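**Q** The structure that follows is given in the form of structure tokens.
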Amino acid sequence: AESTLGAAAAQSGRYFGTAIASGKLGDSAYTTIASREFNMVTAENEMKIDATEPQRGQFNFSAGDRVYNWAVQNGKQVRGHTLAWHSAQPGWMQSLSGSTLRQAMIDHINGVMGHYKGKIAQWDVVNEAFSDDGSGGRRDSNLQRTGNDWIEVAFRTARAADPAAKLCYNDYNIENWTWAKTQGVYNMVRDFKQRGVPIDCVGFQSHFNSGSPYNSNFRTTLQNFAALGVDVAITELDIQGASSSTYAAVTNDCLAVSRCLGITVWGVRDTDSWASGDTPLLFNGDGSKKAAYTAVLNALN
Ligand SMILES: O[C@@H]1[C@@H](O)[C@H](O[C@@H]2CO[C@@H](O)[C@H](O)[C@H]2O)OC[C@H]1O
Ligand SMILES: O[C@@H]1[C@@H](O)[C@H](O[C@@H]2CO[C@@H](O)[C@H](O)[C@H]2O)OC[C@H]1O
């Protein structure tokens, strides 16, 4: 097996995943495809900071749990997304700084991971901490203003919180090997690995489009981060115009790297994409397969 994306990836030790939006689970066409094709689920919004801790010190896991439970009941594993981020913060957290803010970061990591303890295959512990200004440096958030070690502390906290889970750093525009952002992250992870900061994996969101095109040095990137001693994962894949060439290229990149755990596409049908107008996923609004679907399946087989 062979007939579906997740099974085919499973033949070679990997997964094929999707993002799930709880708001679409009452649509049987959505859940039929989702349930059938994928063996990994990420929650598109329901584990973001403002969804799990909207009030200081009180957690809310309902929408979270509805996605966690749907995935488990239909035989998939789960990726957690995401524990520490500059964006999607509640106002209470947005208002803090320095060590108060750092302490809220640690408490947030512990509350959320504690709730799903032992039930999450991978966690995006830190998401999108690097600038888009071409410098290669960190972003200038409230989190950075507590001190440069915030990322390190995030990972150490997360490790204590749930020893069972792989810990990922996750970002976008880090797929092109020659670009400054990529090299900034590569440099950071290498520093971490030299000093024993517990980072298990790196997540390449892999949003390909006109402002950040696919480039065949994606393979080089994956290989290079792998040699540092971490797993790599494609976490939010989508491709503007869904060319079959390019969907097969990305897939074979992952299949060439043995520390590449798997592929997640960011949505089930074109109509469920953050960029629906770009029709960048593997199923049409109909529910019918697109041409890229077959190319991904052949590469997997
Ligand atoms: O932000 C990043 C872009 O700056 C990067 O741009 C590519 C770099 O090399 C150029 O010769 C390519 O044409 C250009 O598209 O691509 C990735 C993106 O994340
Ligand atoms: O929940 C949705 C997010 O998953 C989505 O995230 C997108 C990821 O790529 C970024 O470059 C896009 O700008 C970003 O929007 O965004 C919409 C949100 O509802």
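Identifiers in the structure tokens: chain A, B, ... in order shown; residue index from 1 per chain; ligand index from 1 in order shown.
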Compute the set of protein, DNA and RNA residues whose minimum atom distance to ligand 2 is at most 8 Å, using only C-alpha atoms and all ligand atoms, and state it as number ranges by chain.
**A** A: 21, 44-45, 172, 205, 207, 236, 266, 273-275
**Q** Please, which residues in chain A fall within 9 Å of ligand 1 when counting only C-alpha atoms and all ligand atoms, and what is the closest atom pair and distance in Å to one decimal for each, ordered by chain then residue number, as CSV?
**A**
residue,atom,partner,partner_atom_place_in_ligand_line,distance
A:132,CA,ligand 1,1 (O),6.9
A:133,CA,ligand 1,1 (O),8.7
A:134,CA,ligand 1,1 (O),7.5
A:172,CA,ligand 1,19 (O),7.0
A:173,CA,ligand 1,19 (O),3.3
A:174,CA,ligand 1,19 (O),6.0
A:175,CA,ligand 1,19 (O),6.6
A:176,CA,ligand 1,17 (C),5.3
A:177,CA,ligand 1,17 (C),8.6
A:178,CA,ligand 1,8 (C),7.2
A:179,CA,ligand 1,5 (C),6.1
A:180,CA,ligand 1,4 (O),8.2
A:181,CA,ligand 1,19 (O),7.8
A:182,CA,ligand 1,19 (O),8.2
A:207,CA,ligand 1,19 (O),8.7
A:208,CA,ligand 1,17 (C),8.4
A:210,CA,ligand 1,15 (O),7.4
A:211,CA,ligand 1,18 (C),6.3
A:212,CA,ligand 1,18 (C),3.9
A:213,CA,ligand 1,15 (O),5.5
A:214,CA,ligand 1,17 (C),7.6
A:215,CA,ligand 1,16 (O),7.9
**Q** Separation of atom CA of residue 27 of chain A and atom CA of residue 270 of chain A, in Å?
**A**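 If I compute the distance from atom CA of residue 27 of chain A to atom CA of residue 270 of chain A, I get 14.8 Å.
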**Q** When you look at residue 149 of chain A with a cut-off of 12 Å (counting only C-alpha atoms), what residues show up, excluding the ones that are within fewer than 5 positions of it in the same chain? I need them as a ChimeraX atom specification.
**A** /A:102,138,143-144,154-156,188,192,197
**Q** Check the smallest atom-to-atom distance from each of A:103, A:240, A:216, A:52 to residue 281 of chain A using only C-alpha atoms, then report the winner.
**A**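 Selected residue with least distance to residue 281 of chain A: A:240.
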**Q** Extract the full set of helix (DSSP H, G or I) residues from segment 85-301 of chain A according to DSSP on the backbone, and format it as a VMD selection string.
**A** chain A and resid 91 to 94 98 to 115 142 to 145 150 to 161 180 to 195 218 to 227 244 to 255 270 to 272 276 to 278 291 to 300
**Q** Can you pull out the residues contacting residue 165 of chain A? Cut-off 9 Å, using only C-alpha atoms, and skip same-chain residues under 2 positions away; I want them as a PyMOL selection string.
**A** chain A and resi 117-123+158-159+162-163+167+200
**Q** Excluding segment 294-299 of chain A and its own-chain neighbours fewer than 2 positions away, which residues fall within 10 Å of it when counting only C-alpha atoms? Please give them as a PDB file with N, CA, C and O atoms, in the first residue's frame.
**A**
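Just written: part00.pdb:
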ATOM      1  N   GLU A   2       0.698   2.258  -0.869  1.00  0.00           N
ATOM      2  CA  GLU A   2       0.500   2.158  -2.322  1.00  0.00           C
ATOM      3  C   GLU A   2      -0.638   2.973  -2.943  1.00  0.00           C
ATOM      4  O   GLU A   2      -0.381   3.645  -3.925  1.00  0.00           O
ATOM      5  N   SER A   3      -1.868   2.937  -2.435  1.00  0.00           N
ATOM      6  CA  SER A   3      -2.980   3.708  -3.088  1.00  0.00           C
ATOM      7  C   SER A   3      -3.176   5.146  -2.595  1.00  0.00           C
ATOM      8  O   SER A   3      -3.757   5.951  -3.305  1.00  0.00           O
ATOM      9  N   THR A   4      -2.767   5.430  -1.359  1.00  0.00           N
ATOM     10  CA  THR A   4      -2.966   6.742  -0.731  1.00  0.00           C
ATOM     11  C   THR A   4      -1.593   7.319  -0.356  1.00  0.00           C
ATOM     12  O   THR A   4      -0.602   6.574  -0.247  1.00  0.00           O
ATOM     13  N   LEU A   5      -1.548   8.639  -0.160  1.00  0.00           N
ATOM     14  CA  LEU A   5      -0.290   9.364   0.066  1.00  0.00           C
ATOM     15  C   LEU A   5       0.450   8.920   1.331  1.00  0.00           C
ATOM     16  O   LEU A   5       1.654   8.628   1.273  1.00  0.00           O
ATOM     17  N   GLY A   6      -0.271   8.874   2.451  1.00  0.00           N
ATOM     18  CA  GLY A   6       0.288   8.446   3.727  1.00  0.00           C
ATOM     19  C   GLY A   6       0.805   7.009   3.746  1.00  0.00           C
ATOM     20  O   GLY A   6       1.849   6.727   4.327  1.00  0.00           O
ATOM     21  N   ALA A   7       0.084   6.085   3.125  1.00  0.00           N
ATOM     22  CA  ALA A   7       0.549   4.701   3.053  1.00  0.00           C
ATOM     23  C   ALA A   7       1.813   4.618   2.230  1.00  0.00           C
ATOM     24  O   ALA A   7       2.735   3.903   2.598  1.00  0.00           O
ATOM     25  N   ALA A   8       1.859   5.350   1.123  1.00  0.00           N
ATOM     26  CA  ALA A   8       2.979   5.249   0.206  1.00  0.00           C
ATOM     27  C   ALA A   8       4.253   5.784   0.868  1.00  0.00           C
ATOM     28  O   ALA A   8       5.317   5.148   0.828  1.00  0.00           O
ATOM     29  N   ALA A   9       4.125   6.936   1.516  1.00  0.00           N
ATOM     30  CA  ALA A   9       5.228   7.503   2.294  1.00  0.00           C
ATOM     31  C   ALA A   9       5.661   6.541   3.390  1.00  0.00           C
ATOM     32  O   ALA A   9       6.853   6.437   3.690  1.00  0.00           O
ATOM     33  N   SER A 243       2.046  23.087 -10.145  1.00  0.00           N
ATOM     34  CA  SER A 243       2.791  22.312 -11.166  1.00  0.00           C
ATOM     35  C   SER A 243       3.188  20.922 -10.677  1.00  0.00           C
ATOM     36  O   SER A 243       3.681  20.751  -9.554  1.00  0.00           O
ATOM     37  N   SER A 244       2.981  19.940 -11.544  1.00  0.00           N
ATOM     38  CA  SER A 244       3.289  18.539 -11.266  1.00  0.00           C
ATOM     39  C   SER A 244       4.807  18.301 -11.131  1.00  0.00           C
ATOM     40  O   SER A 244       5.268  17.538 -10.244  1.00  0.00           O
ATOM     41  N   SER A 245       5.570  18.968 -12.005  1.00  0.00           N
ATOM     42  CA  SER A 245       7.036  18.970 -11.954  1.00  0.00           C
ATOM     43  C   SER A 245       7.518  19.216 -10.545  1.00  0.00           C
ATOM     44  O   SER A 245       8.324  18.457  -9.996  1.00  0.00           O
ATOM     45  N   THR A 246       7.021  20.324 -10.002  1.00  0.00           N
ATOM     46  CA  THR A 246       7.533  20.940  -8.802  1.00  0.00           C
ATOM     47  C   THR A 246       7.074  20.162  -7.592  1.00  0.00           C
ATOM     48  O   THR A 246       7.838  19.965  -6.663  1.00  0.00           O
ATOM     49  N   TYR A 247       5.832  19.691  -7.613  1.00  0.00           N
ATOM     50  CA  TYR A 247       5.380  18.824  -6.531  1.00  0.00           C
ATOM     51  C   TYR A 247       6.216  17.533  -6.477  1.00  0.00           C
ATOM     52  O   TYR A 247       6.470  16.991  -5.386  1.00  0.00           O
ATOM     53  N   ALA A 248       6.653  17.032  -7.636  1.00  0.00           N
ATOM     54  CA  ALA A 248       7.489  15.817  -7.650  1.00  0.00           C
ATOM     55  C   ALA A 248       8.918  16.130  -7.234  1.00  0.00           C
ATOM     56  O   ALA A 248       9.581  15.316  -6.593  1.00  0.00           O
ATOM     57  N   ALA A 249       9.393  17.311  -7.607  1.00  0.00           N
ATOM     58  CA  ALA A 249      10.711  17.743  -7.192  1.00  0.00           C
ATOM     59  C   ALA A 249      10.854  17.819  -5.657  1.00  0.00           C
ATOM     60  O   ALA A 249      11.780  17.246  -5.099  1.00  0.00           O
ATOM     61  N   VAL A 250       9.944  18.530  -4.994  1.00  0.00           N
ATOM     62  CA  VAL A 250       9.922  18.635  -3.541  1.00  0.00           C
ATOM     63  C   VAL A 250       9.875  17.239  -2.900  1.00  0.00           C
ATOM     64  O   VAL A 250      10.696  16.939  -2.004  1.00  0.00           O
ATOM     65  N   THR A 251       8.952  16.387  -3.361  1.00  0.00           N
ATOM     66  CA  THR A 251       8.851  15.017  -2.834  1.00  0.00           C
ATOM     67  C   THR A 251      10.180  14.206  -2.914  1.00  0.00           C
ATOM     68  O   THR A 251      10.619  13.615  -1.912  1.00  0.00           O
ATOM     69  N   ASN A 252      10.814  14.204  -4.089  1.00  0.00           N
ATOM     70  CA  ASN A 252      12.073  13.491  -4.300  1.00  0.00           C
ATOM     71  C   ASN A 252      13.228  14.088  -3.505  1.00  0.00           C
ATOM     72  O   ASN A 252      14.187  13.372  -3.143  1.00  0.00           O
ATOM     73  N   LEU A 255      12.647  12.392  -0.197  1.00  0.00           N
ATOM     74  CA  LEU A 255      13.035  10.985  -0.351  1.00  0.00           C
ATOM     75  C   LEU A 255      14.547  10.785  -0.506  1.00  0.00           C
ATOM     76  O   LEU A 255      15.028   9.707  -0.291  1.00  0.00           O
ATOM     77  N   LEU A 282      -3.339  19.756  -3.526  1.00  0.00           N
ATOM     78  CA  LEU A 282      -3.460  18.554  -4.365  1.00  0.00           C
ATOM     79  C   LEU A 282      -4.886  18.081  -4.689  1.00  0.00           C
ATOM     80  O   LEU A 282      -5.068  17.054  -5.374  1.00  0.00           O
ATOM     81  N   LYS A 289      -9.003  14.826  -7.345  1.00  0.00           N
ATOM     82  CA  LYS A 289      -7.537  14.886  -7.405  1.00  0.00           C
ATOM     83  C   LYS A 289      -7.061  15.801  -8.523  1.00  0.00           C
ATOM     84  O   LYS A 289      -7.699  15.902  -9.536  1.00  0.00           O
ATOM     85  N   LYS A 290      -5.946  16.479  -8.304  1.00  0.00           N
ATOM     86  CA  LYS A 290      -5.286  17.263  -9.332  1.00  0.00           C
ATOM     87  C   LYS A 290      -4.116  16.442  -9.879  1.00  0.00           C
ATOM     88  O   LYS A 290      -3.852  15.317  -9.418  1.00  0.00           O
ATOM     89  N   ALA A 291      -3.439  16.986 -10.883  1.00  0.00           N
ATOM     90  CA  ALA A 291      -2.386  16.243 -11.558  1.00  0.00           C
ATOM     91  C   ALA A 291      -1.204  16.096 -10.623  1.00  0.00           C
ATOM     92  O   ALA A 291      -0.551  15.073 -10.608  1.00  0.00           O
ATOM     93  N   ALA A 292      -0.932  17.113  -9.824  1.00  0.00           N
ATOM     94  CA  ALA A 292       0.164  17.017  -8.870  1.00  0.00           C
ATOM     95  C   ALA A 292      -0.035  15.856  -7.886  1.00  0.00           C
ATOM     96  O   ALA A 292       0.947  15.283  -7.431  1.00  0.00           O
ATOM     97  N   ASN A 301       5.910   6.149  -4.499  1.00  0.00           N
ATOM     98  CA  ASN A 301       5.953   4.686  -4.805  1.00  0.00           C
ATOM     99  C   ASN A 301       7.244   4.162  -5.513  1.00  0.00           C
ATOM    100  O   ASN A 301       8.316   4.824  -5.519  1.00  0.00           O
TER     101      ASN A 301
END
**Q** For residue 48 of chain A, work out the shell of residues within 9 Å, counting only C-alpha atoms and skipping chain neighbours fewer than 5 positions away, then give it as a tab-separated table (two decimals) with N, CA and C atoms, in the first residue's frame.
**A**
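What landed in result-v7.tsv:
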chain	number	residue	atom	x	y	z
A	43	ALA	N	-2.66	21.01	13.53
A	43	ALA	CA	-3.83	21.90	13.72
A	43	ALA	C	-3.44	23.23	13.17
A	53	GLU	N	-3.84	29.71	25.52
A	53	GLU	CA	-3.76	30.55	26.71
A	53	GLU	C	-4.27	31.98	26.43
A	81	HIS	N	1.78	22.73	16.88
A	81	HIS	CA	2.04	24.00	16.20
A	81	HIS	C	1.20	25.07	16.92
A	82	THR	N	1.78	25.97	17.73
A	82	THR	CA	3.22	26.13	18.01
A	82	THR	C	3.36	26.81	19.38
A	83	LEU	N	4.48	26.60	20.05
A	83	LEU	CA	4.62	26.98	21.47
A	83	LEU	C	5.18	28.39	21.77
A	84	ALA	N	6.06	28.92	20.92
A	84	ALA	CA	6.65	30.25	21.18
A	84	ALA	C	6.84	31.00	19.88
A	85	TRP	N	6.14	32.12	19.74
A	85	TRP	CA	6.00	32.84	18.47
A	85	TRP	C	5.78	34.33	18.70
A	88	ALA	N	0.30	35.98	16.81
A	88	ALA	CA	-0.79	35.25	17.50
A	88	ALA	C	-0.64	35.18	19.02
A	89	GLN	N	-0.09	36.24	19.62
A	89	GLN	CA	-0.03	36.38	21.09
A	89	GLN	C	-1.31	37.04	21.59
**Q** Mind giving me the straight-line distance from atom CA of residue 225 of chain A to atom CA of residue 146 of chain A in Å, one decimal?
**A**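 That distance, rounded to one decimal, is 27.4 Å.
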**Q** What separation in Å, quoted to one decimal, exists between atom CA of residue 169 of chain A and atom CA of residue 204 of chain A?
**A**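 Distance reported for this atom pair: 8.9 Å.
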**Q** Contacts of residue 13 of chain A at 9 Å or less, counting only C-alpha atoms, minus same-chain residues fewer than 3 places along, as an MDAnalysis selection string?
**A** chainID A and resid 9:10 261:262
**Q** I'd like to know which of A:166, A:79, A:195, A:86 is closest to residue 140 of chain A, using only C-alpha atoms.
**A**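 Looking at the shortest contact to residue 140 of chain A, the residue is A:86.
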**Q** Between A:265, A:224, A:160, A:186, which residue has the minimum interatomic distance to residue 206 of chain A, considering only C-alpha atoms?
**A**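 When distances to residue 206 of chain A are compared using only C-alpha atoms, the smallest one comes from A:265.
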**Q** Taking the backbone alone, and naming residues the way the document does, which bits of segment 45-191 of chain A are strand (DSSP E) by DSSP, as a ChimeraX atom specification?
**A** /A:77-84,122-127,166-171
